[PDB]
Structures are given as C-alpha cells and as structure tokens.
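# Partial complex follows, first chain(s) only, in situ:
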Amino acid sequence: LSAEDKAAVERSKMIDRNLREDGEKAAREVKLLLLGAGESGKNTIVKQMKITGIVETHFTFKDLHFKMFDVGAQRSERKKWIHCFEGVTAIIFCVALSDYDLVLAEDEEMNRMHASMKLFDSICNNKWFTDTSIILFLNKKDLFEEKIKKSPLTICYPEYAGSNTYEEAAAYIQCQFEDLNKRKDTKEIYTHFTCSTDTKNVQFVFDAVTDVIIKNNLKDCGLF
C-alpha cells in the first residue's frame, strides 16, 4: 500500500494544484477571435490594441485580462481547424465599409461585400458558433464617408433604392449584414464604426464582452 510512490502521488497532487490554479486563472480572461477577409482592416484594430501561423495579443483594459487570437492567414480551409475555437467568448468580424467599390482580384466577378457576406454566413451558419455572440466592426468609416458622395453604390446592391447618405446608406448596410443570423435569439450581433480615426473603440469592446458573459451567466443558470 503506497510503498514509496507515496511521494509520487504527493507530486501528482502538487501539479494538480497548479493545473487547477492556472485553469481558474485562464478561465477569467476573455478569449476573443477576430476574423477578417483579405485587406478588410484587421491590422488597424490590433494597432488600436495595446499588446508563421496565428498570432496572439494578450492585452488588457480596466481590470480585465484579454486574449485576442487573430486568424492571420492559414492557407488551408476553415473547414478543418475551426473546431479549436469553440468556447471563444465573442468573435469579431471585420469588414471595411470602403471595400465595396472595388471587385476582388481573384476572379473579378463577385463583389467584396458580396464575398465577405458569403464568408460571413459560413461562420454564422455553421455548427461550432451557434451561441458565440459576434461583434462585427464596420471598418474604414471616414474613407467610405468621402467615397459615398461620388458614388451611387448601385454596383454592390441593385435592390436598394434610396439616398447615398452616410447616415442612411451605411446605416442600411449595418442592417444588411446583421440579418444573416438565422438564430437572432442567441447571437447578439453588436456593430460599431471605427477607422484610423475615432480612437478608443475598445471601450466598446470592454462593454460589449461584459454584456456577453452576464448574458452567458444568466443563460447558464436558466434565467437569461
């Protein structure tokens, strides 16, 4: 009966004290994926952050430790390694508002807002993200602001018929993306507008993710 591996189960209780210690520390920090298309503007928000495959940016803001697992560019499919991210707190999509006039230089047929929406529904309608609350950043606010004046925007959307006003047409396309979720009960898609200007938008992210874990605590106690 425990000859002298009784010191071995002393050690195998000692690192099982530390796996429970770091495991109770790494569950308090919020893990948030940010996923973007090609040149959508994800390099500005990590520049707006604080701080070869994926990267990781363990920044923090106002008594809360953050993680930020950017996808970067894995040349393989998103059908294969996307299982790893189940249990992320709140993913982040990012599209530039200005990325609608140019066509994508891969086949020059489908528009960028027609392909990024075709990439949005791949990650909102798939099995592993049915309750991960998306927080999409509409990016490049001011460069689209100058863009909308000299553009009738009929190239991207033929079905829209209204004024080419930034407080109307860009506020329309906010409702053009966030109505792709077939489950509008469990995925609280927040939106924001940020560019190289409009500094400190992680004050929104600090108050968005805080409104996710309470909506994930109340949902787990049956209350919601």
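Arrived safely. Numbers count the residues shown, from 1 in each chain, chains lettered A, B, ... in the order given.
# List phi and psi for the residue most central in space within chain A.
What sits nearest the mean C-alpha location of chain A, by C-alpha atoms, centre = their mean, is residue A:92, with 0.8 Å. Backbone torsions of residue A:92, given as degrees, to the nearest 10, read phi -130, psi 120.
# Can you list the residue ranges for helices in chain A?
A:8-25, A:42-45, A:112-124, A:141-147, A:171-177, A:202-217 (DSSP state H).
# need the ones you listed in TSV with mean neighbour count and distance to residue A:134, can you?
Placement of C-beta: from N, CA and C, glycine included. Listed next are those as TSV, based on neighbours: other C-beta atoms under 10 Å; distance: least, C-beta to C-beta, whole Å:
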stretch	mean neighbour count	distance to residue A:134
helix A:8-25	10	27
helix A:42-45	18	14
helix A:112-124	18	7
helix A:141-147	17	19
helix A:171-177	16	9
helix A:202-217	16	10
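# Which residue is the nearest non-sequential neighbour of the residue nearest to the centre of chain A?
Nearest non-adjacent residue to residue A:92, counting by C-beta to C-beta, 6 or more residues apart in numbering: residue A:34, 3.8 Å away.
# the strands in chain A, which residues?
Assigned by DSSP state E, the strands in chain A fall at A:30-31, A:34-36, A:66-67, A:92-96, A:135-139, A:190-194.
# okay, those strands in a markdown table with distance to residue A:174 next?
Output for the strands of chain A, formatted as a markdown table (distance: least, C-beta to C-beta, whole Å):
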| stretch | distance to residue A:174 |
| --- | --- |
| strand A:30-31 | 24 |
| strand A:34-36 | 17 |
| strand A:66-67 | 25 |
| strand A:92-96 | 11 |
| strand A:135-139 | 6 |
| strand A:190-194 | 5 |
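# Ok, which of those strands comes nearest residue A:124?
Of all those, it is strand A:92-96 that lies closest to residue A:124, at 8.6 Å by C-beta to C-beta.
# Wait, the residue nearest to the centre of chain A touches residue A:134, no?
Yes. Using C-beta atoms under 8 Å, residue A:92 and residue A:134 qualify as a contacting pair, with a distance of 7.5 Å.
# with the structure above as the base, add chain B:
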Amino acid sequence: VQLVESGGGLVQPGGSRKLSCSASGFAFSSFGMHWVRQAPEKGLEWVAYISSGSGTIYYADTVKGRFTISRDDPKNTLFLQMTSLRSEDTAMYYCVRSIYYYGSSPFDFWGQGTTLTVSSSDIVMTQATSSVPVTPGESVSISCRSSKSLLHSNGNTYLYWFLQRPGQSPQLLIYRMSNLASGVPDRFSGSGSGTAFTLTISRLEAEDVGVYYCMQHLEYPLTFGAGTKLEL
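Now chain B, sitting on the chains shown earlier:
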C-alpha cells in the same frame, strides 16, 4: 548542478546553530531535499527530509523532536536549525537532491558538505564486507543483504547503490537495483532477490576505488550500513 552549505564552527554540547544548504543551478522548488549525514569515521545516516512544496515533512527517529527544519523557496535554501546539540552529532553534513516520479532517479546530486565539530520498528539492513582489496582489471562483484524483502508488489526493488570517492560527495551509481544512472558507464550491473542484493563492478579503472554504500528506500527511516571500502 550546484549545492552549497554553510554554518560550521566549534560549539560545546548544549549549543545551537542554523545550518544553511543554499540551492542553485536547478529548479529547486520541485525537488525533494534529504539531509544525510556522515559520522567522522563511521557510516552514513539519514536525518531529515522535506517533500516538494513543504509537503510530507519527516524526521529520523533518532532526532525525532529536537531539530527543526524548513525551506525558504524564494531564497532556495534549507534551514536545519539545531537545538540542544549533543556530542554524538559530529558530522560532515550532506544535503541531497531527490525527485520522485515514474522512471525517476532520486538522490542523484548531493551537497558538497560542511563539517560540524561538537566537543565533549526500524527496518535495518546490513553490509556484506567492510573492506575488500582489489587490484584493478579484475571485475570485482560486491554484495549486500537486508532484513526485509525489498520487492514490493508493484514490481520494483527499492535499493539505491552509491559510491563515495574519498573526500567528495557520495555520487549515485545504480538506482532501483537494475537501472544505470546518468554519469556512469555501461560496465556496471546490479541484481538481487527480495532480501539479498549485489553489484557487478566490471573492469576496474582509476578513481572509482572509494568506499561503496547502499540505501534501502522501501519505508522511512533510511539506513546505509557501514559501507564497503574498496582497497588496492
């Protein structure tokens, strides 16, 4: 890779001293620290041991109550503070580094050892011979016996061989009576039954001529015996 001690002197019997085995060179916090001492002419004797993270604190039954021991892990040292020093405690105290998992090698690296001059149930094994004179190039085998079957039911024999080159620390040679340690060549070999044990020292060379030892590791406290000296 490095262990240093301090705290020597000449005390009358009835004094006190705080020994200090300072640790360096390795991740000290996840090790087991033993305190084997050596009589000024006679064999080794276990004194005290603290587990990893100040866990299973033990003592030897001969010093069971008089000595206090602790470890300052932000300072990486051992506080062998002694109270009511007796005249039978003259020793060159060693401070041993041990580690316990599957396939491990406890008691691998020893302390360098400082002396301490004071003025004026138990499983016990026995040696085989106090001295055997061998001229090198002869492949001498040595033996050992005990008073228990050290072949506990999980399938391994808990006897650790050693070697003390004359003057320096008792370097380990063979752990679990059948496994070669790190730092010994592939000419040694150990074997043994539940109670009797042996060691085959083939093709003797220079400087591996010191006094040998043994150490059971089935239950605490730990014994060593008088130790087989090797002569020429």
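# ok, the residue nearest to the centre of chain A - contacts?
For residue A:92, the contacting residues are A:32, A:33, A:34, A:35, A:45, A:134, A:135, A:136, A:137, A:205, by C-beta atoms under 8 Å, 6 or more residues apart in numbering or on different chains.
# Quick check: the last one touching residue A:135?
Just to be clear, that refers to residue A:205. Yes. Contact criterion C-beta under 8 Å: residue A:205 and residue A:135 qualify, at 6.8 Å.
# okay, and the common contacts of those two?
By C-beta under 8 Å, 6+ apart, residue A:205 and residue A:135 have these common neighbours: A:32, A:92.
# Mind picking the one among the contacts of residue A:92 that's closest to chain B?
residue A:32 (33.8 Å; C-beta to the nearest C-beta).
# Could you tell me how many residues sit around the closest one?
Residues within reach of residue A:32, counting by other C-beta atoms under 10 Å in any protein chain shown, total 22.
# any idea how far it is from residue A:132?
As judged by C-beta to C-beta, to the nearest Å, residue A:32 and residue A:132 stand 10 Å apart.
# Which neighbours do the two have in common?
With C-beta under 8 Å, 6+ apart, residue A:32 and residue A:132 have common neighbours A:88, A:89, A:90, A:91.
# Among the residues you listed, which pair sits farthest apart?
Greatest spatial distance in these: A:89 and A:91, 8.5 Å, computed using C-beta to C-beta.
# Between those two, point out the one with more neighbours.
Just comparing residue A:89 and residue A:91: by other C-beta under 10 Å the higher neighbour count belongs to residue A:91, 21 against 18.
# pretty sure the more buried one is in contact with residue A:128, am I right?
No. Counting by C-beta under 8 Å, residue A:91 does not reach residue A:128; the two are 10.5 Å apart.
# Residue 88: neighbouring residues, count only.
All of this is about chain A. Neighbours of residue A:88 under the rule other C-beta under 10 Å: 18.
# Sorry, I should have been clearer: chain B.
Per other C-beta under 10 Å, the neighbour tally for residue B:88 reads 11.
# any residues in contact with both of residue A:91 and residue A:128?
Taking C-beta under 8 Å, 6+ apart as the criterion, residue A:91 and residue A:128 both touch residue A:85.
# add chain C to the structure above:
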Amino acid sequence: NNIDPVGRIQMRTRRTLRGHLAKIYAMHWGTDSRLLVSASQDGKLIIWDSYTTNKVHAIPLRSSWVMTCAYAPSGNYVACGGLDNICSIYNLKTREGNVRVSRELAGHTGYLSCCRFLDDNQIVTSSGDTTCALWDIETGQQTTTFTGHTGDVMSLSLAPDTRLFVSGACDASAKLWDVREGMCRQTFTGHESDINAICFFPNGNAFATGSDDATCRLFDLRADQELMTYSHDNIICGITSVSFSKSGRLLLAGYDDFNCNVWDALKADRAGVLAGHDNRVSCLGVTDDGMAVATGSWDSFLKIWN
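Let me put chain C in with the others:
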C-alpha cells in the same frame, strides 16, 4: 470469408485520467506501453502514468492550441504540434531541472496535423499546406519535403520498419512515400470526402484511412487495390481516429457520434461499442503490446478501455 467470427468484444472504463481543463486533441501512447501524453488546449499538455492515474509532468507550452503530440521511441522527447507551425520538441530526461524545450522547428506555412517520430533524430511532420516534411532535430531545418497531393494533409501513420508512411490528405486520397529516396510510390483513391486519420497494418502490408463520410478502407502496398470497405447505414458521422490491434485482426475506430466502434479485419462487423463520452472522441492509442486502448475525447477526460 470462411474465417470464424470473434464475437462481441466489450471493454470497460478502467481508468479516468482527469485533470485537464479544456479539450484534448492527441493522446499518443508511449514507447513502452506505460506512459501517455495528452494534448490539451488550455495551456498545458501533460504526460500521464496510465497504471496509476499519475501525471508525471505538467508542461506549460507556448502554442496554446495544440493539434497533435508524439512520444519518441526513446521515451524522452515529446513534441507538441500546433497550428502556429512551431512543432516545439520538448525534453524530458533533463539533467538538474524540470522540463525544457529543445528546438522550435519553424518552417511550415500551413498548420501542424500529425507529427510522428521516425526515430530519436528524425521527426516526420505533416502539415496543412500539402507538405508532409521530414526534419532533423538539432539542425532545426528540414531535410526533405514531400509534395504531390493537391489539398492538405491531415494525418500521418508511420510504417513499422521506418521505411515509409501514409498521407492523410483532404483529397479523398492517400499517398505512399519513402524515407530514403523522397519518391512517390503509389497514390490510392476511393473515398469521397476528406479523411481524418490513418493507422497502419502491423505486418506492414496495409493501412486504414478513416474518411469523414463514415467509411474506413483497408488499402494495400503491393497489389494496387483497396481490399475491404467499411460501412453501416445507421451511422453517419465522421471518423476522427483509426487504430489497429496488435495482430491487425481487431480494429478500433473513433467517431464523432461520441463513441468508438470496433470493426473486423475481414468481416466488417460492428462488434464493440466503446461508448461513455460526452463530446466527440478525438484520438486513440493502441500499445506496443495491446493491453490498453484509451480515447482522448473533448470532455477533458481520458478513459482507458480494458
């Protein structure tokens, strides 16, 4: 098919190696049927003592999303995989300390899928950019690089004689290689969707590719033909890990339907069901003798089934 059946094989949850706090992506069985290493995703792959549910080593690793692990045949090198491509080889039998990282084998552009040690010095990775490349450990650079698929490789299964292996592509195709000439031997088709794991025949004449449309196929190395198909119309999910027995007679698969199922070398009968997992199983392990089979399901546990 005149060979007699083997009856219903049941195996029980003999062990529960809890201690993890996230999912589990790889449980490679060690070189001496005794220790296993389990690839977590929280921060920490740990090595187990299977006989007495002890964790001998907590290894806090950098690339916090592991996707494969491997235990060296010399028993002292464990290599995590990853998706940020740094297949960092760890050292175990270290003089004077706990644990260390030896060589961070950067140089892939995809994502590491199944790295398996050919010996103590040649690690054969397999990543997600059509490159199942050999390496040299202390040099820190590649030695050869195997291309010839079209999509990406998802698994690797090393032959016993350390002469070749099989490539688990997304191409519904398996590729035969060599280790001493860097040449295409053959390429075997037959599946429909991507495959997720291969194991090898213990005699070295076959390999069983686990697809994602609920079918295994036992191919050949010398006759240029698939031999036996595996199918059952009630089961529909995707295979995640395939393992043979010690003899190659029994077959242990692992499915997305939260359970294993045990087929035959020839009969293809759903003999055993090793249920008992909450989420899907991820990895298996069959020892060098056969006294244990353990699964690596995403519910932070491992259960060893004998």
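# Next one: the residue nearest to the centre of chain A from chain B, what distance?
As judged by C-beta to the nearest C-beta, to the nearest Å, residue A:92 and chain B stand 39 Å apart.
# same deal with residue C:192?
According to C-beta to the nearest C-beta, residue C:192 and chain B sit 44 Å apart.
# In contact with residue A:35, which residues are there?
By C-beta under 8 Å, 6+ apart, the residues touching residue A:35 are A:71, A:91, A:92, A:93, A:94, A:123.
# same thing but 7 Å
With contacts defined as C-beta atoms under 7 Å, 6 or more residues apart in numbering or on different chains, residue A:35 is in contact with A:71, A:91, A:92, A:93, A:123.
# For chain C, state which of those residues is nearest.
residue A:71 (9.9 Å).
# from what I can see the closest one touches residue A:54, true?
Yes. Contact criterion C-beta atoms under 7 Å: residue A:71 and residue A:54 qualify, at 6.3 Å.
# Those two: who's more crowded?
With neighbours defined as other C-beta under 10 Å, residue A:71 and residue A:54 compare such that residue A:54 has more, 21 against 18.
# which parts of chain A sit against chain C?
Proximity of chain A to chain C, by C-beta under 7 Å from any C-beta of the partner chain, involves residues A:8-9, A:12, A:15-16, A:18-19, A:22-23, A:26, A:52-54, A:74-76, A:80-81, A:84.
# give me that answer again for 8 Å
Proximity of chain A to chain C, by C-beta under 8 Å from any C-beta of the partner chain, involves residues A:5, A:8-9, A:12, A:15-16, A:18-20, A:22-23, A:26-27, A:52-56, A:69, A:74-77, A:79-81, A:84, A:86-87.
# Look through chain B and tell me its longest strand.
Determined from DSSP E, the single longest strand within chain B is strand B:17-24.
# Would it count as contacting chain C?
No. No part of strand B:17-24 sits near chain C under the criterion C-beta under 8 Å from any C-beta; the closest distance found is 10.0 Å.
# Also stretch B:108-126?
Yes. Among the residues of stretch B:108-126, residue B:109 lie within reach of chain C under C-beta under 8 Å from any C-beta.
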